[PDB]
Protein chains: 2
Amino acid sequence: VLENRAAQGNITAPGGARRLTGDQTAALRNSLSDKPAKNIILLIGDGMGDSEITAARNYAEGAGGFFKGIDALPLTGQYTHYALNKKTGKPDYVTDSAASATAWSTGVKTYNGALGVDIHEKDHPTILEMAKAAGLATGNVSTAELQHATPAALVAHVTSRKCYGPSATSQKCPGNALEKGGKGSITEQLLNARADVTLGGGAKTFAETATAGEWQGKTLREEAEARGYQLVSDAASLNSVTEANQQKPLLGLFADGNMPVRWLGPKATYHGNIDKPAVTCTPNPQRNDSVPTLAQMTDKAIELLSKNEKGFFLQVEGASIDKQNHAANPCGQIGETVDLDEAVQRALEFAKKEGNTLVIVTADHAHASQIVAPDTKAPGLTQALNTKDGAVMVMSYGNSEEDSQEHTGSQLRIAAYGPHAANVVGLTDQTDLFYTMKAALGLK
Amino acid sequence: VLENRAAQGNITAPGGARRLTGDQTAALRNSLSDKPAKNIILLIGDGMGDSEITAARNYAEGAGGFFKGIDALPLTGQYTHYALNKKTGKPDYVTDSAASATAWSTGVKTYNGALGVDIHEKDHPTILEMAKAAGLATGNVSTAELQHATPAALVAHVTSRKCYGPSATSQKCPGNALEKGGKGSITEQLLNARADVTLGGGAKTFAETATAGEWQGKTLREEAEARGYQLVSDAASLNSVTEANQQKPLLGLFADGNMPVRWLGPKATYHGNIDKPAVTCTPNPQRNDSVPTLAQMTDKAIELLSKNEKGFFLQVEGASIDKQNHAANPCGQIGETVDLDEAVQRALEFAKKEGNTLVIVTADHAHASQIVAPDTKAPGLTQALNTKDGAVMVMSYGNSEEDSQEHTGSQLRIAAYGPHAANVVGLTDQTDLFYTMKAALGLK
Ligand SMILES: [Zn+2]
Ligand SMILES: [Zn+2]
Ligand SMILES: [Zn+2]
Ligand SMILES: [Zn+2]
């Protein structure tokens, strides 16, 4: 159950590349507790499979390096995340972000694109709803639009992930449309759910006016305000918040759509590792210092949430690892994995100090990026990068001739620290996670 | 509890896809033992990363199914297997079979293509060599030619994995060549190593005659006979072997090159999931029933070896998962993974009964194959397959424009069962495995 897993010394020497300093048995035994968890922090790396973790560690920490956050969780396993074909009820081997998020948030598999409903389109209670009912404070943070599938899945039940605001819901989710007697769009359901802390992007959908209900005629932003939400839009105002609860829930909208990525780098290109020079990532100039980082949002949320005596449930998402993978941009993708790692560190620090917090880090599904040899002549998009080791690493994206690289169906890493973390070991399913969390918090 | 990880019931219903029956904590706590391992069985799936495991599970057992061998090991983790650049000593992100096998068998990183030597070309003792010196019985089994990198790394120290027999060694490993005062070719060093049980293919190199030494002029096969090796060529003859020890070592040569693969299927093709119908694998008609399977070899080895009072070390390899992956042949690859699972079952059956056996299952490195959506338009080679779920699964090979798909550098799964199995949990390095085994057995 060690906390340092970097190579011991000279990687060219016998025992120099070892990450273990001694026998794990006793330490591992010491880290196994079935006592209840008072708090739960679930961090999700959207599209962050074992390959994405390996490529980012290699680049930012070196092959023999180690992520202080991501690599430091002691109990590890692999889990399945296949979705279901809506018509046949048969497995669909490659899930989208919607079906997987619904799986761990409700405990039931579903079809790609479904948010909070099963294949029969019937609603099921999310872990956040249950937490909130039991008295626990709740948080939902992401670097994506708050309407994005992952944060959405905890607070909305729609038949199609595209039902962002009133206008799209009427056309695509008529059965959920407010005017038609439904629960409403994702954004409307988010506002109704009222998690104590909610932070991310997606301010543009809040400019839509409701078509019905008690607040028809007013923009979703006007409604938020009208219903007691504290609205912050940058790091400064985010930091000046001193409390967030059911009387004053916090809602931060730091971007119109998705928040900007941390690093800039060119897009992989065909034979890019051969015909183009190796690249070194640089900071994204389009990203203002006023836009809080994932670690900052995570830290503020933890502070506001831990004020609750009963406990809290918090979900944090590093969204753009997935987005940059789709875009075949190694620097964008790696920068986002580094960003997530910082957030994991904040979580682990609190968890170790507090002692009754279960921390889980995993991804919703695998993705395209592969690490290949320097001289690889590949059919897809490639790019050579200068790593921290002073060596060249080539990344390949070879599963799509279209303008977006695809998710993949491989089982991937799930790691945890704290009470009930043992339930993450061995092979499990993404739906087992819902139950693991439900049982750790003693939720009925 | 920890033995059954199949979906519980109806995968479309809440809790239906769950693999866990209850809380793992106490069960996991019970399996943590730091007492000495009397025996060690290391099973290697060449090129068998998490993707390959998922593809084969989905196909053979369905998405919610589970491998009775491969998926039944309770302690799991992920490990790194990067090699080293010979000139610079900097990490080489994508290893080959030779550099990786050397890392787990000697405990030191090395350059791609090296067997039993570090980047300075200095020999280091293997775990088999140390087991043999300590009085334990030793076995080396593989479905590849016995000169293949993986089995070879346990008994040979050469600067190039190409140094199969006398001729190749003369021109590629002059400093190892017998005529120039070296230890000899891989096959010669193998014969010198004298493990109690050695089973595999690669009979063609044994037809070579030694150039120098005590047996110059005689084929290596005759030399084998001259030194007291019992030679078997088929299942019937293997089965009649009563004992195998230092005075009557067993040498099984089941094929000229690599042993034949179990399943047959066409090679993936460009837009194959689109232009060609789904395929269903069938048994290989060219495979002679007289050729033993990996589980039959594994089983017999365990039977001969366990006769040794002190203990035994046995390495088992399913080589063709890798070869078929290079060849972009889904059915060949999956069938070899199914073949390995049966061997893992035989090992675990013995281990659970015996009680002092550490069983480890992992791969040397990751590979090319990805599971993609049915409608994917990929730039590489694809193929649709009809799974056990009656659903279509598409596999993609998109990292090479050559006639061979390439390895990938992603960290991958390592799972174990038995005394000291906790040393496989969390993030480790492929070289840590060497130390885990040496420690479990109490070597040095
Ligand atoms: Zn996703
Ligand atoms: Zn995606
Ligand atoms: Zn290999
Ligand atoms: Zn290979």
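Every chain is numbered from 1, with letters handed out A, B, ... down the list of sequences. Side chains included, hydrogens not; waters and symmetry mates left out as well; all remaining heavy atoms used.
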**Message:** Could you check whether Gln370(B) and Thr408(A), counting side-chain N and O atoms only, form a donor-acceptor pair closer than 3.5 Å?
**Reply:** no
**Request:** Mark yes or no for whether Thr187(A), through its side chain, and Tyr164(A), through its backbone, hold a donor-acceptor pair below 3.5 Å.
**Result:** yes
**Prompt:** Between the main-chain N or O of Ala391(B) and the side-chain N or O of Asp389(B), is there a donor-acceptor pair closer than 3.5 Å?
**Reply:** no
**Asked** For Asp50(B), does its backbone N or O pair with a side-chain atom of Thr54(B) as donor and acceptor, under 3.5 Å?
**Response** yes
**Message:** Heavy-atom count check: over 12 atoms from other residues, nucleotides or ligands less than 6.0 Å from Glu402(B) CD?
**Reply:** yes
**Presence of salt bridge, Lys388(B) and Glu61(B), under 4.0 angstrom** = no
**Prompt:** In this structure, which one of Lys267(B), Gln333(B), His326(B) forms a side chain to side chain donor-acceptor pair (under 3.5 Å) with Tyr397(B)?
**Reply:** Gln333(B)
**Fill in**
Only residue of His407(A), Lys109(A), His365(A) satisfying side chain to side chain contact (heavy atoms under 4.5 Å, CB included) with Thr95(A) is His365(A)
**Message:** Donor-acceptor pair, distance only, cut-off 3.5 Å: does the side chain of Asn386(B) make one with the backbone of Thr280(B)?
**Reply:** no
**Asked** Is there a side-chain contact between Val155(A) and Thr198(A), using heavy atoms and a 4.5 Å cut-off?
**Response** no
**Prompt:** What residues form a side-chain contact (heavy atoms from CB on, under 4.5 Å) with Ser51(B), not counting sequence neighbours?
**Reply:** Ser410(A), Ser369(B)
**Request:** Using the salt bridge (charged side-chain N to carboxylate O under 4.0 Å, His left out) rule, take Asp339(A) and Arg262(A) through it: C-alpha gap first, then chi angles, then the decisive distance, then the call.
**Result:** CA-CA 8 Å; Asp339(A) 183 51; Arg262(A) 286 167 49 133; 3.1 Å; yes
**Side-chain donor-acceptor pair present, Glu317(A), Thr150(A), cut-off under 3.5 Å** = yes
**Prompt:** Hey, is the main chain of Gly200(A) close enough, under 3.5 Å, to the side chain of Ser142(A) for a donor-acceptor pair?
**Reply:** no
**Item:** Side chain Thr106(A), main chain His124(A), donor-acceptor under 3.5 Å
**Value:** no
**Item:** Backbone N/O of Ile321(B) and side chain of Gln324(B): donor-acceptor pair under 3.5 Å
**Value:** no
**Prompt:** Does a salt bridge link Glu52(A) with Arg57(A), judged by any charged N lying under 4.0 Å from a carboxylate O?
**Reply:** no
**Any donor-acceptor N/O pair, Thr88(A) side chain to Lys90(A) backbone, under 3.5 Å** = yes
**Closest non-hydrogen atom pair, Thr143(A) against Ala319(A)** = OG1-N, 3.0 Å
**Asked** Does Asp403(A) CG have over 12 foreign heavy atoms under 6.0 Å away?
**Response** no
**Asked** Can you find a heavy atom in the side chain of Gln383(B) that is under 4.5 Å from one in the side chain of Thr269(B)?
**Response** no
**Prompt:** Is a side-chain N or O of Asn58(B) found less than 3.5 angstrom from the main chain of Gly62(B), in a donor-acceptor match?
**Reply:** no
**Prompt:** So which heavy atom on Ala343(A) is nearest to which on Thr298(A), and how close?
**Reply:** CB-OG1, 3.6 Å
**Asked** Is it true that atom NZ of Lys377(A) has more than 12 heavy atoms of other residues, nucleotides or ligands lying nearer than 6.0 Å?
**Response** yes
**Message:** How long is the straight-line distance from CD of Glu336(A) back to NZ of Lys323(A), given to the nearest 0.5 Å?
**Reply:** 11.0 Å
**Message:** Can you confirm whether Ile53(A) sits close enough to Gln411(B) that some side-chain heavy atom of one is under 4.5 Å from a side-chain heavy atom of the other?
**Reply:** yes
**Request:** Could I get the full list of side-chain contact (heavy atoms from CB on, under 4.5 Å) partners for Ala149(A), not counting sequence neighbours?
**Result:** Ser97(A), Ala98(A), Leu115(A), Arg161(A)
**Message:** I want to check something: taking the side chain as every heavy atom from C-beta on, are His367(B) and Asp322(B) in contact at a cut-off of under 4.5 Å?
**Reply:** yes
**Asked** Between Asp46(B) and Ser320(B), is there a donor-acceptor pair closer than 3.5 Å when you use the side chain of the first and the backbone of the second?
**Response** no
